[PDB]
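J.: My structure file model39.cif, mmCIF, C-alpha atoms, is below:
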```cif
data_run
#
loop_
_atom_site.label_atom_id
_atom_site.label_comp_id
_atom_site.auth_asym_id
_atom_site.auth_seq_id
_atom_site.Cartn_x
_atom_site.Cartn_y
_atom_site.Cartn_z
CA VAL A 1 13.27 -6.36 12.46
CA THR A 2 13.93 -8.70 15.43
CA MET A 3 12.71 -12.27 14.80
CA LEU A 4 10.44 -13.97 17.38
CA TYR A 5 11.94 -16.42 19.87
CA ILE A 6 10.79 -17.56 23.29
CA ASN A 7 12.46 -19.33 26.18
CA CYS A 8 11.22 -22.83 26.94
CA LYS A 9 12.41 -26.07 28.47
CA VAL A 10 12.16 -29.69 27.41
CA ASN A 11 12.90 -32.36 30.07
CA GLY A 12 14.28 -29.54 32.23
CA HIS A 13 16.78 -28.34 29.60
CA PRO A 14 16.48 -24.71 28.46
CA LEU A 15 16.23 -23.79 24.81
CA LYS A 16 15.24 -20.86 22.58
CA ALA A 17 12.43 -21.61 20.12
CA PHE A 18 11.76 -19.74 16.87
CA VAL A 19 8.11 -18.79 16.47
CA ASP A 20 7.14 -19.27 12.79
CA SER A 21 3.44 -19.03 11.87
CA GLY A 22 4.41 -19.85 8.24
CA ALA A 23 5.81 -23.29 9.08
CA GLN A 24 3.40 -26.21 9.05
CA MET A 25 5.46 -28.45 11.35
CA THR A 26 7.18 -27.98 14.69
CA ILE A 27 10.76 -29.35 14.46
CA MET A 28 13.56 -29.90 16.98
CA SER A 29 17.13 -30.48 15.84
CA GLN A 30 18.71 -33.89 16.50
CA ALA A 31 21.45 -32.08 18.48
CA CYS A 32 18.80 -30.45 20.70
CA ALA A 33 16.95 -33.75 21.16
CA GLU A 34 20.27 -35.29 22.33
CA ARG A 35 21.00 -32.37 24.65
CA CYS A 36 17.51 -32.57 26.14
CA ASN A 37 18.08 -36.34 26.63
CA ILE A 38 14.85 -37.23 24.80
CA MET A 39 16.06 -39.66 22.16
CA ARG A 40 13.96 -42.33 23.94
CA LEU A 41 10.90 -40.43 22.71
CA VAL A 42 11.93 -40.38 19.05
CA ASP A 43 9.75 -42.79 17.04
CA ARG A 44 11.72 -43.77 13.97
CA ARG A 45 8.52 -45.02 12.19
CA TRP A 46 8.02 -41.37 11.18
CA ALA A 47 11.47 -40.98 9.58
CA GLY A 48 11.62 -39.33 6.14
CA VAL A 49 13.21 -36.49 4.16
CA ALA A 50 12.02 -32.86 4.64
CA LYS A 51 11.63 -30.16 1.97
CA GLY A 52 14.86 -28.28 1.12
CA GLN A 53 17.50 -33.12 5.20
CA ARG A 54 16.80 -36.33 7.14
CA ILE A 55 13.86 -36.41 9.55
CA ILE A 56 15.09 -38.93 12.11
CA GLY A 57 11.69 -39.61 13.67
CA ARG A 58 8.84 -38.00 15.55
CA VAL A 59 8.11 -37.24 19.19
CA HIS A 60 4.47 -37.78 20.24
CA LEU A 61 2.97 -35.39 22.84
CA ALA A 62 6.14 -34.57 24.86
CA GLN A 63 5.88 -31.65 27.26
CA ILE A 64 7.29 -28.27 26.25
CA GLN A 65 7.57 -26.10 29.34
CA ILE A 66 6.77 -22.40 28.85
CA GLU A 67 7.11 -20.31 32.02
CA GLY A 68 5.68 -22.72 34.61
CA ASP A 69 3.27 -24.49 32.30
CA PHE A 70 3.78 -27.83 30.60
CA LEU A 71 2.17 -28.16 27.17
CA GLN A 72 1.87 -31.45 25.34
CA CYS A 73 3.28 -31.11 21.81
CA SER A 74 4.30 -33.43 19.01
CA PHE A 75 7.24 -32.56 16.77
CA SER A 76 9.65 -34.07 14.33
CA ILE A 77 13.42 -34.36 14.69
CA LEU A 78 15.57 -33.03 11.83
CA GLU A 79 19.28 -33.86 11.47
CA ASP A 80 21.40 -30.70 11.28
CA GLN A 81 18.64 -28.15 11.64
CA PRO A 82 20.82 -25.33 12.83
CA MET A 83 18.40 -23.92 15.35
CA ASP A 84 17.31 -25.95 18.38
CA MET A 85 13.57 -25.59 17.96
CA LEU A 86 11.11 -24.23 15.37
CA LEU A 87 7.54 -23.79 16.74
CA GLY A 88 5.18 -24.04 13.81
CA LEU A 89 1.52 -23.46 13.15
CA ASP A 90 0.62 -27.03 14.23
CA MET A 91 1.65 -26.21 17.78
CA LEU A 92 0.40 -22.62 17.73
CA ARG A 93 -3.05 -23.92 16.71
CA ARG A 94 -3.11 -26.88 19.11
CA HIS A 95 -2.69 -24.54 22.10
CA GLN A 96 -4.79 -21.70 20.65
CA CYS A 97 -1.89 -19.31 20.90
CA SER A 98 -1.73 -15.62 20.21
CA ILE A 99 1.37 -13.96 18.82
CA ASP A 100 0.79 -10.49 20.31
CA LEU A 101 3.18 -7.93 18.88
CA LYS A 102 1.67 -5.02 20.80
CA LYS A 103 2.44 -6.59 24.21
CA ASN A 104 5.40 -8.48 22.71
CA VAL A 105 4.24 -11.82 24.12
CA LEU A 106 3.23 -15.32 23.07
CA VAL A 107 -0.04 -16.17 24.85
CA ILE A 108 -0.89 -19.84 25.34
CA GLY A 109 -4.68 -19.74 24.83
CA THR A 110 -5.54 -22.92 26.64
CA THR A 111 -3.91 -21.71 29.90
CA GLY A 112 -3.60 -17.91 29.74
CA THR A 113 0.18 -18.23 30.21
CA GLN A 114 2.16 -15.46 28.60
CA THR A 115 5.85 -15.37 27.77
CA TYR A 116 7.86 -12.41 26.42
CA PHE A 117 9.59 -12.58 23.04
CA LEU A 118 13.33 -12.41 23.49
CA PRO A 119 15.09 -9.08 23.04
CA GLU A 120 17.53 -8.72 20.09
CA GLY A 121 20.64 -9.36 22.27
CA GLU A 122 19.30 -12.74 23.46
CA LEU A 123 18.48 -14.24 20.01
CA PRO A 124 20.66 -17.23 19.09
CA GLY B 1 1.36 -39.12 12.46
CA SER B 2 3.14 -36.84 9.99
CA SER B 3 5.87 -37.30 7.35
CA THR B 4 -4.44 -24.84 7.44
CA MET B 5 -1.89 -22.09 6.73
CA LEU B 6 -2.79 -18.52 7.74
CA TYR B 7 -4.22 -16.24 5.09
CA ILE B 8 -6.26 -13.05 5.24
CA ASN B 9 -8.28 -11.10 2.74
CA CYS B 10 -6.96 -7.64 1.93
CA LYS B 11 -6.97 -5.04 -0.85
CA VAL B 12 -4.31 -2.85 -2.44
CA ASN B 13 -5.45 0.07 -4.62
CA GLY B 14 -8.98 -1.45 -4.46
CA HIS B 15 -7.91 -4.84 -5.83
CA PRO B 16 -8.48 -7.90 -3.65
CA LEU B 17 -5.73 -10.33 -2.73
CA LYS B 18 -5.05 -13.01 -0.12
CA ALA B 19 -1.99 -12.53 2.07
CA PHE B 20 0.00 -15.37 3.70
CA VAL B 21 0.70 -14.46 7.34
CA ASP B 22 4.25 -15.55 8.16
CA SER B 23 5.77 -14.46 11.50
CA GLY B 24 9.03 -16.24 10.54
CA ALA B 25 9.60 -14.02 7.50
CA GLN B 26 11.51 -10.79 8.05
CA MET B 27 10.16 -9.05 4.95
CA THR B 28 6.74 -8.45 3.42
CA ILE B 29 6.81 -9.33 -0.28
CA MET B 30 4.31 -8.89 -3.09
CA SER B 31 4.70 -10.76 -6.39
CA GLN B 32 5.32 -8.75 -9.52
CA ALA B 33 2.17 -10.29 -11.03
CA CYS B 34 0.14 -9.00 -8.08
CA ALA B 35 1.78 -5.54 -8.26
CA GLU B 36 0.77 -5.36 -11.92
CA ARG B 37 -2.80 -6.57 -11.20
CA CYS B 38 -3.16 -4.00 -8.39
CA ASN B 39 -1.81 -1.38 -10.82
CA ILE B 40 1.00 -0.15 -8.53
CA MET B 41 4.08 -0.73 -10.74
CA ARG B 42 4.61 3.06 -10.74
CA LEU B 43 5.40 2.81 -6.99
CA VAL B 44 8.23 0.30 -7.49
CA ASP B 45 11.60 1.87 -6.69
CA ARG B 46 13.96 -0.15 -8.84
CA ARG B 47 17.15 1.06 -7.13
CA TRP B 48 16.42 -1.74 -4.63
CA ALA B 49 16.63 -4.43 -7.38
CA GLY B 50 18.63 -7.66 -6.85
CA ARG B 51 14.99 -11.87 -8.01
CA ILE B 52 13.75 -8.75 -6.20
CA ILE B 53 12.64 -6.21 -8.85
CA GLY B 54 12.42 -3.30 -6.46
CA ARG B 55 10.81 -1.86 -3.37
CA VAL B 56 7.52 -0.15 -2.67
CA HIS B 57 8.37 2.43 0.03
CA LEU B 58 4.82 3.43 0.79
CA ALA B 59 1.50 1.86 -0.11
CA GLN B 60 -1.82 1.44 1.66
CA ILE B 61 -2.89 -2.15 2.42
CA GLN B 62 -6.58 -2.31 3.16
CA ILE B 63 -7.80 -4.80 5.76
CA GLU B 64 -11.58 -4.70 6.37
CA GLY B 65 -12.12 -0.90 6.53
CA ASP B 66 -8.57 -0.08 7.74
CA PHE B 67 -6.00 1.46 5.44
CA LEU B 68 -2.53 0.56 6.75
CA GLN B 69 0.66 2.30 5.56
CA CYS B 70 3.12 -0.41 4.48
CA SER B 71 6.43 -1.01 2.72
CA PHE B 72 7.23 -4.18 0.83
CA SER B 73 9.56 -5.51 -1.81
CA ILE B 74 8.49 -6.95 -5.14
CA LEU B 75 9.60 -10.44 -6.13
CA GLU B 76 9.40 -11.88 -9.65
CA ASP B 77 7.80 -15.38 -9.71
CA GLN B 78 6.73 -15.59 -6.03
CA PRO B 79 3.83 -18.04 -6.13
CA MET B 80 1.44 -16.31 -3.73
CA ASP B 81 0.31 -12.71 -4.22
CA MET B 82 1.59 -11.44 -0.88
CA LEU B 83 3.65 -12.68 2.03
CA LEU B 84 2.92 -10.56 5.09
CA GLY B 85 6.00 -10.67 7.28
CA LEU B 86 7.19 -9.64 10.64
CA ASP B 87 8.21 -6.14 9.55
CA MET B 88 4.60 -5.19 8.85
CA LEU B 89 3.08 -7.30 11.64
CA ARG B 90 5.33 -5.43 14.15
CA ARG B 91 4.74 -2.02 12.53
CA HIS B 92 0.97 -2.24 13.05
CA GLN B 93 1.29 -3.99 16.45
CA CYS B 94 -0.67 -6.98 15.19
CA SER B 95 -1.83 -10.03 17.07
CA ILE B 96 -2.10 -13.41 15.34
CA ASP B 97 -4.87 -14.84 17.56
CA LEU B 98 -5.47 -18.56 16.95
CA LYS B 99 -8.11 -18.85 19.69
CA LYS B 100 -10.38 -16.25 18.06
CA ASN B 101 -9.02 -17.16 14.60
CA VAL B 102 -8.36 -13.50 13.73
CA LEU B 103 -5.56 -11.16 12.86
CA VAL B 104 -5.86 -8.10 15.09
CA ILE B 105 -4.47 -4.78 13.95
CA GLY B 106 -3.21 -3.40 17.27
CA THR B 107 -3.15 0.23 16.23
CA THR B 108 -6.88 0.35 15.32
CA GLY B 109 -8.40 -2.71 17.00
CA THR B 110 -9.65 -3.99 13.62
CA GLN B 111 -9.98 -7.78 13.32
CA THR B 112 -10.07 -9.97 10.24
CA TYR B 113 -10.70 -13.74 10.09
CA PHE B 114 -8.14 -16.20 8.88
CA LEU B 115 -9.47 -17.93 5.79
CA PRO B 116 -10.71 -21.52 5.94
CA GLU B 117 -9.05 -24.21 3.78
CA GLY B 118 -11.56 -23.88 0.91
CA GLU B 119 -10.78 -20.17 0.50
CA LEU B 120 -6.99 -20.49 0.26
CA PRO B 121 -5.49 -19.25 -3.05
#
```
Could you write out this file's structure as structure tokens?
T.:
Amino acid sequence: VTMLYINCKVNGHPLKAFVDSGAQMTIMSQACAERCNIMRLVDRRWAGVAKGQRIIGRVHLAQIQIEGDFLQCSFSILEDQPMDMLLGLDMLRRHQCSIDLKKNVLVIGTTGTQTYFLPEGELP
Amino acid sequence: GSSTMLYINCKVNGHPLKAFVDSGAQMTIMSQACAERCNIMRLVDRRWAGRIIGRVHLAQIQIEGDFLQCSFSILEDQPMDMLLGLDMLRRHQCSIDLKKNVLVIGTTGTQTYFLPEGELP
């Protein structure tokens, strides 16, 4: 069973995001926020400790680029989250997305943009 | 700033339950308590025991009027009755459609609504 990931970019930097309808919150790792050069967007007011783990702060409505579309998304930054990016139900709802396992695509409902889930050999 | 989850109605062996729809989970898992309530303990193959009690190789999960052939493991003390994971979502070519607010079974076209907050288990 191949897990669901998509390609996306933040501030022009490519990453692979895990698509998890069972997660309430979208979360980027601190390492990925550094690589994407977006620490200036990290509001440390919203620092805390996640379940399971320091949340370093929160990014408000930054653009996540999927194919050629730019979608405004908020997400928190977790220290030492192994994976770069976890796209949770908050985001999937915001943008009225469909996870379509027949076509093997994530559809962004607000735009009609469609992106293929990565094949097994491309998963991180 | 910060710091409704997806559920559907379904039935197993005629008994209703609410399933958590989790595309980040590899495996579909029913609680032992639910397996007992649905009266399907006879289907549990305990050679797959770990805590996972065993595996149900074949059971019908009913969604609306659809009967879908599924496999799932049985977990002692899982809080929710069923976690519907990517194995079964992929098997039945499902769409999780958050614009329409439905789970679509791709093999039949059947749709079921995600439950509102007040109906969550």
J.: Which residues, named as in the file, does the PyMOL selection byres ((chain B) within 7 of (chain A)) pick out? Answer as a ChimeraX atom specification.
T.: /B:2-3,5,21-24,26,87,90,93-99,106
J.: Check which residues satisfy the PyMOL selection byres ((chain B and resi 35-50) around 9) in the file shown, then give them as a PyMOL selection string.
T.: chain B and resi 11-17+30-34+51-59+73-74+81
J.: Which residues, named as in the file, does the PyMOL selection byres ((chain B and resi 110) around 12) pick out? Answer as a list in words.
T.: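 Evaluating the PyMOL selection byres ((chain B and resi 110) around 12) on this file yields residues 62, 63, 64, 65, 66, 67, 68, 92, 93, 94, 95, 102, 103, 104, 105, 106, 107, 108, 109, 111, 112 and 113 of chain B.
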J.: So that I can see what lies close to residue 14 of chain A, please list as a ChimeraX atom specification the residues with an atom at most 12 Å from it, counting only C-alpha atoms and leaving out residues fewer than 3 positions away in the same chain.
T.: /A:6-11,17,32-33,35-37,64-67,84-85
J.: For residue 116 of chain B, please output as a ChimeraX atom specification all residues within 9 Å (counting only C-alpha atoms; exclusion window: fewer than 4 positions along the same chain).
T.: /B:4-7,120
J.: Would you export the selected residues with C-alpha atoms as a PDB file, keeping the file's coordinate frame, please?
T.:
```
ATOM      1  CA  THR B   4      -4.440 -24.840   7.440  1.00  0.00           C
ATOM      2  CA  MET B   5      -1.890 -22.090   6.730  1.00  0.00           C
ATOM      3  CA  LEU B   6      -2.790 -18.520   7.740  1.00  0.00           C
ATOM      4  CA  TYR B   7      -4.220 -16.240   5.090  1.00  0.00           C
ATOM      5  CA  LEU B 120      -6.990 -20.490   0.260  1.00  0.00           C
TER       6      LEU B 120
END
```
J.: Pick out the closest residue to residue 111 of chain A from this set: A:15, A:52, A:28, A:71. Count all atoms listed in the file.
T.: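 For residue 111 of chain A, the nearest of the given residues is A:71.
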J.: Could you work out how far atom CA of residue 10 of chain B lies from atom CA of residue 76 of chain B, giving the answer in Å with one decimal?
T.: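 Here the two named atoms are 20.5 Å from each other.
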J.: Go ahead and compute the interatomic distance for atom CA of residue 1 of chain B and atom CA of residue 51 of chain A, in Å to one decimal.
T.: 17.2 Å
J.: How many Å lie between atom CA of residue 84 of chain B and atom CA of residue 117 of chain A, rounded to one decimal?
T.: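 Atom CA of residue 117 of chain A lies at a distance of 19.3 Å from atom CA of residue 84 of chain B.
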J.: The centre and edge lengths of an axis-aligned box containing all atoms of segment 57-61 of chain B present in the file, extended by 8 Å on each side, are to be given in Å to one decimal, as JSON.
T.:
```
{"center_x": 2.7, "center_y": 0.6, "center_z": 1.2, "size_x": 27.3, "size_y": 21.6, "size_z": 18.5}
```
J.: Since the input is missing atoms, can you rebuild N, CA, C and O atoms for segment 93-106 of chain A and write them as a PDB file, in the frame of the given file?
T.:
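selection-v7.pdb written:
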```pdb
ATOM      1  N   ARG A  93      -1.619 -23.548  16.761  1.00  0.00           N
ATOM      2  CA  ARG A  93      -3.050 -23.920  16.710  1.00  0.00           C
ATOM      3  C   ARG A  93      -3.475 -24.812  17.880  1.00  0.00           C
ATOM      4  O   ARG A  93      -4.454 -24.516  18.594  1.00  0.00           O
ATOM      5  N   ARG A  94      -2.760 -25.920  18.059  1.00  0.00           N
ATOM      6  CA  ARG A  94      -3.110 -26.880  19.110  1.00  0.00           C
ATOM      7  C   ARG A  94      -3.484 -26.102  20.372  1.00  0.00           C
ATOM      8  O   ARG A  94      -4.600 -26.259  20.897  1.00  0.00           O
ATOM      9  N   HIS A  95      -2.575 -25.222  20.805  1.00  0.00           N
ATOM     10  CA  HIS A  95      -2.690 -24.540  22.100  1.00  0.00           C
ATOM     11  C   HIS A  95      -3.340 -23.167  22.002  1.00  0.00           C
ATOM     12  O   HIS A  95      -3.275 -22.392  22.950  1.00  0.00           O
ATOM     13  N   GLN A  96      -3.955 -22.900  20.854  1.00  0.00           N
ATOM     14  CA  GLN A  96      -4.790 -21.700  20.650  1.00  0.00           C
ATOM     15  C   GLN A  96      -4.022 -20.460  21.032  1.00  0.00           C
ATOM     16  O   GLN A  96      -4.521 -19.588  21.734  1.00  0.00           O
ATOM     17  N   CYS A  97      -2.801 -20.375  20.509  1.00  0.00           N
ATOM     18  CA  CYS A  97      -1.890 -19.310  20.900  1.00  0.00           C
ATOM     19  C   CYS A  97      -2.177 -17.987  20.215  1.00  0.00           C
ATOM     20  O   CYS A  97      -2.790 -17.951  19.134  1.00  0.00           O
ATOM     21  N   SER A  98      -1.749 -16.906  20.855  1.00  0.00           N
ATOM     22  CA  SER A  98      -1.730 -15.620  20.210  1.00  0.00           C
ATOM     23  C   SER A  98      -0.279 -15.160  20.149  1.00  0.00           C
ATOM     24  O   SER A  98       0.459 -15.254  21.127  1.00  0.00           O
ATOM     25  N   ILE A  99       0.111 -14.666  18.990  1.00  0.00           N
ATOM     26  CA  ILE A  99       1.370 -13.960  18.820  1.00  0.00           C
ATOM     27  C   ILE A  99       1.014 -12.487  18.903  1.00  0.00           C
ATOM     28  O   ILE A  99       0.500 -11.930  17.941  1.00  0.00           O
ATOM     29  N   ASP A 100       1.258 -11.861  20.058  1.00  0.00           N
ATOM     30  CA  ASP A 100       0.790 -10.490  20.310  1.00  0.00           C
ATOM     31  C   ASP A 100       1.958  -9.523  20.214  1.00  0.00           C
ATOM     32  O   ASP A 100       2.801  -9.467  21.098  1.00  0.00           O
ATOM     33  N   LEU A 101       2.026  -8.781  19.120  1.00  0.00           N
ATOM     34  CA  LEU A 101       3.180  -7.930  18.880  1.00  0.00           C
ATOM     35  C   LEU A 101       3.035  -6.538  19.469  1.00  0.00           C
ATOM     36  O   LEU A 101       3.996  -5.751  19.421  1.00  0.00           O
ATOM     37  N   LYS A 102       1.864  -6.245  20.023  1.00  0.00           N
ATOM     38  CA  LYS A 102       1.670  -5.020  20.800  1.00  0.00           C
ATOM     39  C   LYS A 102       2.290  -5.189  22.193  1.00  0.00           C
ATOM     40  O   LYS A 102       3.066  -4.329  22.637  1.00  0.00           O
ATOM     41  N   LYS A 103       1.930  -6.278  22.874  1.00  0.00           N
ATOM     42  CA  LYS A 103       2.440  -6.590  24.210  1.00  0.00           C
ATOM     43  C   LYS A 103       3.796  -7.261  24.164  1.00  0.00           C
ATOM     44  O   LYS A 103       4.497  -7.312  25.175  1.00  0.00           O
ATOM     45  N   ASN A 104       4.157  -7.731  22.972  1.00  0.00           N
ATOM     46  CA  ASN A 104       5.400  -8.480  22.710  1.00  0.00           C
ATOM     47  C   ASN A 104       5.452  -9.795  23.477  1.00  0.00           C
ATOM     48  O   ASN A 104       6.478 -10.147  24.097  1.00  0.00           O
ATOM     49  N   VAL A 105       4.331 -10.526  23.427  1.00  0.00           N
ATOM     50  CA  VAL A 105       4.240 -11.820  24.120  1.00  0.00           C
ATOM     51  C   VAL A 105       3.579 -12.903  23.269  1.00  0.00           C
ATOM     52  O   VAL A 105       2.771 -12.609  22.398  1.00  0.00           O
ATOM     53  N   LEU A 106       3.971 -14.148  23.541  1.00  0.00           N
ATOM     54  CA  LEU A 106       3.230 -15.320  23.070  1.00  0.00           C
ATOM     55  C   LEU A 106       2.258 -15.683  24.192  1.00  0.00           C
ATOM     56  O   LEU A 106       2.664 -15.891  25.345  1.00  0.00           O
TER      57      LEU A 106
END
```
